[PDB]
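Taken in sequence, the protein lines are chains F, D, E, X, x, f and d. According to the authors' numbering, the first sequence is numbered sequentially starting from 7. According to the authors' numbering, the second sequence is numbered sequentially starting from 7. According to the authors' numbering, the third sequence is numbered sequentially starting from 7. According to the authors' numbering, the fourth sequence is numbered sequentially starting from 196. According to the authors' numbering, the fifth sequence is numbered sequentially starting from 197. According to the authors' numbering, the sixth sequence is numbered sequentially starting from 265. According to the authors' numbering, the seventh sequence is numbered sequentially starting from 3. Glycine is no exception: its CB is placed at the ideal position from the N, C-alpha and C atoms.
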Amino acid sequence: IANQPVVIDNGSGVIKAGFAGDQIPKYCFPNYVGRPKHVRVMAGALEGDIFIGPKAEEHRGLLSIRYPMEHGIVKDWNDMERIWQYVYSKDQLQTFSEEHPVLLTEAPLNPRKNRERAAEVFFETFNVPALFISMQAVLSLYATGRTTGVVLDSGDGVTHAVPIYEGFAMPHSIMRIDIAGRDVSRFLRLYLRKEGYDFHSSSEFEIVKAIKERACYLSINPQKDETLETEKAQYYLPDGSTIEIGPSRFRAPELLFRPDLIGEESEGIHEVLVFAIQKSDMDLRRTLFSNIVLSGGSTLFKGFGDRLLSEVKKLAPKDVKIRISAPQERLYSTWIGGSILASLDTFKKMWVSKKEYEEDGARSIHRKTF
Amino acid sequence: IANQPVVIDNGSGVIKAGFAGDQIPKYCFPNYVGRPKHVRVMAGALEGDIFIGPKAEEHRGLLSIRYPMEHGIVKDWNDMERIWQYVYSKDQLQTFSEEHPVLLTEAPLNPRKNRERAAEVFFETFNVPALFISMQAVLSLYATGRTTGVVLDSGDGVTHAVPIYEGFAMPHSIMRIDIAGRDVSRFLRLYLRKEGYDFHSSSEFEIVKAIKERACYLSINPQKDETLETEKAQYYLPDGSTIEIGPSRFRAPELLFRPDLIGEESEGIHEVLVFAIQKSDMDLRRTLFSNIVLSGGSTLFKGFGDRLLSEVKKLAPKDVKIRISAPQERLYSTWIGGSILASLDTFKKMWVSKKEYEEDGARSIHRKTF
Amino acid sequence: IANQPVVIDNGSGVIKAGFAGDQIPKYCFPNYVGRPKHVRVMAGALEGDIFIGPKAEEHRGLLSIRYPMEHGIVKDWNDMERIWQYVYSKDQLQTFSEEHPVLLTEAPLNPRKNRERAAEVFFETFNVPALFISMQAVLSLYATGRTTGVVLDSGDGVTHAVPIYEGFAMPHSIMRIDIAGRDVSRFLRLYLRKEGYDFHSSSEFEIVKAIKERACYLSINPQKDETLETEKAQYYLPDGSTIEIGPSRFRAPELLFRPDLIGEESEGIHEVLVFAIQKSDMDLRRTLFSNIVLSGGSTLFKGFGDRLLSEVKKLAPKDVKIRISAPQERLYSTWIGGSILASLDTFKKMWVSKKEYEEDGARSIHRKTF
Amino acid sequence: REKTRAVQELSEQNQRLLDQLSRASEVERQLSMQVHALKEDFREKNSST
Amino acid sequence: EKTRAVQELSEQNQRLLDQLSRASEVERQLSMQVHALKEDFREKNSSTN
Amino acid sequence: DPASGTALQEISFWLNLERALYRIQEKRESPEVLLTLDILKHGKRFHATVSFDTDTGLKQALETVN
Amino acid sequence: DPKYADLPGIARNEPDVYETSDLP
Ligand SMILES: Nc1ncnc2c1ncn2[C@@H]1O[C@H](COP(=O)(O)OP(=O)(O)O)[C@@H](O)[C@H]1O
Ligand SMILES: Nc1ncnc2c1ncn2[C@@H]1O[C@H](COP(=O)(O)OP(=O)(O)O)[C@@H](O)[C@H]1O
Ligand SMILES: Nc1ncnc2c1ncn2[C@@H]1O[C@H](COP(=O)(O)OP(=O)(O)O)[C@@H](O)[C@H]1O
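Printed below as a string of structure tokens:
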């Protein structure tokens, strides 16, 4: 039957969820499963083995965090099943899995097997009435109130650029590169090892994520700023320690614009955006340059878009008006857009029937993938 | 049932139509059917699967263009039907296909099947009360005042020469080659490929047309600019790129004067006209050399009049006065002539009624072909 | 005085070489430039900073491979200077460029700047006494010993057809699309990314090429075989792992007959051959449909010509004998024919001497294009 | 006129037989899909056992 | 023209009757084959029961 | 379904759909009704605007009716 | 606005439109 549908954004690091017709995701919690790595002696301790949810951040000094989704592709399927059940848990949604149409998102160009296996989970473990899997870009266009644009996002693990012109998506112009937030944080962790801090545990890694979200900032000209010393921010650990970052506060998010630093022949995020535009036709290049829509949490770096303008302006043709729109709700654009598309009747004319899935299987979702 | 007949200039490059009596054609949209290439994902996108005219000129990059008519001969009847339906649609005329007589032009020497099927469409799909098929030569004489002359038109697909003297057409002197604007654009495309700029998509083919109309001229001599290897004038593309051309903005339009460049033995446009005059009667040469009318969009190149004069002057006998009347309405001359002819009352006797076609068929059209 | 000329056969992916009068191209190496990615630390490492030849293949994991000739057009002249010097180096020919004539090969319909810059390279850097740029179809006809034929070759980056009847080439019936082996390799990389295998490294593209050249076949009925979920054959690696290719080993070579998979509207290889024959004369079609000669590397797939026969039968007129003659020397046919062409006597007068280039310049090579 | 009469009869009755045989084919196509699901059920029966 | 209409009407209707009989009878074959598979699945399931 | 009733009821409701959707379009075309959607678009509450532009079957309704 | 406060991470005090200048 069709009750109020549920939108779930499988952000490779932060999963965002809520019902359709809403206006904000009230269920935002990081994506992992934390199991304890210590010994239990005192009866009356914490509860349960796995610790998905806010309890993880509340007791991170005990857990051994494991990420289920690496680069948008799920590795530990059992963890994603536990996380999805936690989304339907009594602390997050309280509904039953056999009650709502599910609007699952997905990073573009993910392997076929990922969609297939997600279908198996949602129609065998959960017995959902309906399911639809879509691109993350289209949703951001819904949440940004537009129809034409190039959604250049940066989730926690996959950055990509999808150029959509007047609601028509151009698949051959999609550029995907697997270097996002986790790689920025991982590279920053390596820099702190060279600064003498040796963060190597799992909880230490999420402390690095907190640093990346708070102390880093992007460059404008990394040589102008490389020849001069900087602020050297003093971040305080929860323990009470004191860490200094130095020039790595701007060298850490340089990995996005240049994967040569991490030792990887790939393209910058600017090259992804510019190529994604240029892989398309010629009559549309000017309009796509005039409508660049960001989303994704790894575009929230301070001083990011200004460097993006200097970069694309350095690459795009002469005097073309490059116009980047970056809203405040970039972190939830895919969720808000999922709510917008799921709050329609075309959505009823757009999902995949449970019966039809049982009759067909993988071929059903690969036909209705767009 | 009749009120203001609908004149239609069924030209293979651009279709010009309006009512009778109108001094200017109100709707001149290009003759192609635009279908999308990229899948629609986002709801609320563009509607329909067929884009014609103004819509298929703004969203050109999203489309794939299929010309229905090529060399004055219809290939896909479906497409021509859709274009004619577009003509009677709300955005173009808001009329019904049963309340107005229809004057639809045609190039000379077309096969009988075009006349047959054209009337079948206008008498079966459209229940047109009156249909009259004409020549695309007489109409230019009407819209230019003259009654004696050599109509040398060069549409986008077929050029020909019709010598008309005092209202009498001499059909055996009609010369017709199928080399016009399309071939010039296509050959310009091959010159850009030799200059390193490829174009293969159908949507980018109109950019080649745009180059032709905005940058191609005709040198008065074929060798005074050939070995000179002139400057490379730049020309901007719709995105903001840059194309320098040089030896192609004059080498591409010489295809009309010598089609040996395309690898086809035929006669040049000058030989078309001169042979059409020389095939006529001995007494009628001076009046035809002093009454040359130009029509068609390909007769708008820079230096076209000077080249045409010098070529005819080389081929005509000595001291014969050669006048080439070149009006400013070379694109709409045939249409204006149609608006004149349909505004007369002799046209009532010249058309074919519906019952005439029902009782006779194709025979009635071949009877009133002239 | 003159010596034995050098046949520097180009290629978009493989550059062949060898002296004239030979029968086997004794010095074949891929047309790519490899420079180190990592940092040299030890004393006694590899030296050179640019590695071309078998040494580059020996250290693929250490070099950032990049091709300088894309779709037959030279994109990096400095890298081509290095490659041509490597041809004359002490590892492949051990001779001097000042003592030998050069027979360079180019694809048809190439930009004039390639010929002009090739002239400046072989006449200003290399002080070659005589250069003669030839086509690639004629050479394969020389290699097979025939006089007539439709040479349908498919290099790494350019597939083209040049119908030649009785030693006479038709420069207007030459089709040429930039969709070949390298692009099929890139498309196969895309399908392996859709199957769950990353190959983003440029040095890993060679592994993708090995997959294409070793476990790919052309299915006769495309979608009929697409519906049948095949055995998913396992292929090794230059690592020791195992990849299950699956369905992406038959639809990956379907790009050659369906350029719609890459999103680019163009013709298929079968349409190139059929249109190259139909664009020729009327009395020259049975002999051209008979003598169909293949060449190029990409025409080595399993069942290539069998599907070619099926498609040609779908496009050629009824009851016409077709002989797709594919010799076993399809890879080196152009070089064998270059040896035969340079080993003749008229070749002495076919080239452009150094004095001729000093007198005229680019004009001399433009005059002797065929 | 009689030619058109008898042939409209022939064509329409033959397309009526097309309707019958098409119904039978569609019914067994659904039956094929149904035993695909049933085979999957029995596969789960064998698996559980 | 009327006799050619006789041709095409008979040809199209009867050919599609033949093609429908081909698909339908092939699925009847598939139904008997699949029923044998039904018997095998019930045998394996009942044996494990 | 026009399998039941009379043809008059059918003609009348098709005409009623014409004049009904016609007046509905007059309602929507008013600048205040559009102004409300403009305010919502300014407040970025895209749920209402997008649902009003795509979920209202008015487009296909006016098409098929005309 | 409260709706863009109640959430954990939001670009507070940042220009929303990035665009090149005029003088084409
Ligand atoms: N204020 C911030 N500054 C820099 N990076 C941030 C900030 N907030 C979030 N991020 C990055 O965004 C990531 C959140 O990933 P996210 O974009 O939510 O994935 P998804 O969008 O697919 O859910 C975090 O891991 C963090 O690295
Ligand atoms: N200003 C111009 N200069 C040169 N060529 C033009 C110009 N404008 C249009 N053309 C060419 O002439 C064609 C105009 O079509 P037209 O001559 O009307 O063909 P038709 O007579 O069949 O309608 C265009 O397709 C274009 O090829
Ligand atoms: N045995 C093979 N099977 C299939 N494809 C091959 C084989 N050998 C080479 N190729 C393809 O052919 C290309 C080389 O073709 P080649 O004739 O050298 O092109 P060119 O002469 O233009 O460089 C390689 O890139 C490869 O993709």
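Asked	Found
Could you tell me whether any non-hydrogen atom of ligand 1 is closer than 6 angstroms to the CB of residue 225 (chain E)?	no
Please confirm whether any heavy atom of ligand 3 lies closer than 6 angstroms to the CB of residue 306 (chain E).	yes
With residue 250 (chain D) as the anchor, note down where its beta strand (DSSP E) starts and where it stops.	248-250
Once the 5 residues before and after residue 102 (chain F) are set aside, which same chain residues still bring their CB inside 8 angstroms of it?	94
Report yes if the CB atom of residue 193 (chain D) is closer than 7 angstroms to the CB atom of residue 243 (chain D), and no otherwise.	no
Does the beta-carbon distance from residue 259 (chain F) to residue 224 (chain F) come in below 7 angstroms?	yes
According to DSSP, what are the bridge partners of residue 297 (chain E)?	E:329
Please classify residue 166 (chain D) as buried or exposed, where buried requires at least 16 neighbouring CB atoms within 10 angstroms.	buried
Would DSSP call residue 335 (chain F) helix, strand or coil?	coil
Here's a check: name, in chain order, each residue in its chain whose Cβ is nearer than 7 angstroms to the Cβ of residue 333 (chain D), leaving out the five neighbours to either side.	150 and 339
Using the Cα positions of residue 201 (chain X) and residue 212 (chain x), report the straight-line distance between them to the nearest angstrom.	20 angstroms
Using a Cβ-Cβ distance under 7 angstroms, would residue 329 (chain F) count as near chain d?	yes
In chain F, which residues lie with their C-beta within 9 angstroms of the C-beta of residue 7 (chain d)?	Within 9 angstroms Cβ-Cβ: nothing; residue 7 (chain d) doesn't reach chain F, min ~10 angstroms.
To the nearest angstrom, how far is the alpha carbon of residue 199 (chain D) from that of residue 148 (chain D)?	42 angstroms
Which residues bound the beta strand (DSSP E) around residue 442 (chain F)?	The displayed coordinates of chain F run from 7 to 376. Any statement about residue 442 (chain F) would go beyond what the structure contains.
For residue 356 (chain D), which three-state DSSP category applies?	helix
With a threshold of 7 angstroms between beta carbons, is residue 47 (chain D) in contact with chain F?	yes
Are any of the Cβ atoms in chain E nearer than 7 angstroms to that of residue 349 (chain D)?	no
Assess contact between the segment 218-234 of chain D and the segment 248-258 of chain D, defined as three or more Cβ pairs (one per stretch) separated by less than 8 angstroms. Is contact present?	yes
Please tell me whether, using a cut-off of 6 angstroms, the distance from the CB of residue 219 (chain D) to the nearest non-hydrogen atom of ligand 2 is below it.	yes
First and last residue of the beta strand (DSSP E) that includes residue 81 (chain D)?	From DSSP, residue 81 (chain D) is part of no beta strand (DSSP E); its letter is neither H nor E.
Using 7 angstroms as the limit for Cβ to Cβ distance, is residue 310 (chain f) near chain F?	yes
May I ask whether a heavy atom of ligand 1 can be found less than 6 angstroms away from the beta carbon of residue 395 (chain F)?	Lying outside 7 to 376, the shown extent of chain F, residue 395 (chain F) is not represented and no answer is given.
Which first and last residues belong to the alpha helix (DSSP H) in which residue 288 (chain f) is found?	271-293
Please confirm whether any heavy atom of ligand 1 lies closer than 6 angstroms to the CB of residue 93 (chain F).	no
Compute the Euclidean distance between the alpha carbons of residue 345 (chain D) and residue 115 (chain D), then round it to the nearest angstrom.	23 angstroms
Cβ of residue 26 (chain d) less than 7 angstroms from any chain F Cβ?	yes
Can we say the segment 45-63 of chain E touches the segment 73-81 of chain E, given the rule of at least three CB pairs closer than 8 angstroms?	no
Would you say residue 20 (chain F) touches ligand 1, meaning its beta carbon is less than 6 angstroms from a heavy atom?	yes
Using DSSP's beta-bridge definition, name the partner residues of residue 15 (chain E).	E:22
Should the segment 27-42 of chain D be called in touch with the segment 175-189 of chain D, which here means at least 3 C-beta pairs below 8 angstroms?	no
Would you call the segment 286-305 of chain D and the segment 199-211 of chain D in contact, with 3 or more CB pairs under 8 angstroms?	no
Could you tell me whether the Cβ atoms of residue 124 (chain E) and residue 161 (chain E) are closer together than 7 angstroms?	no
Under a three-way DSSP split, which group does residue 132 (chain E) fall into?	coil
Check the Cβ of residue 315 (chain f) against every Cβ in chain F and list those closer than 7 angstroms, keeping chain order.	349 and 350
Quickly, what does DSSP pair residue 111 (chain F) with across the bridge? List them, please.	F:140
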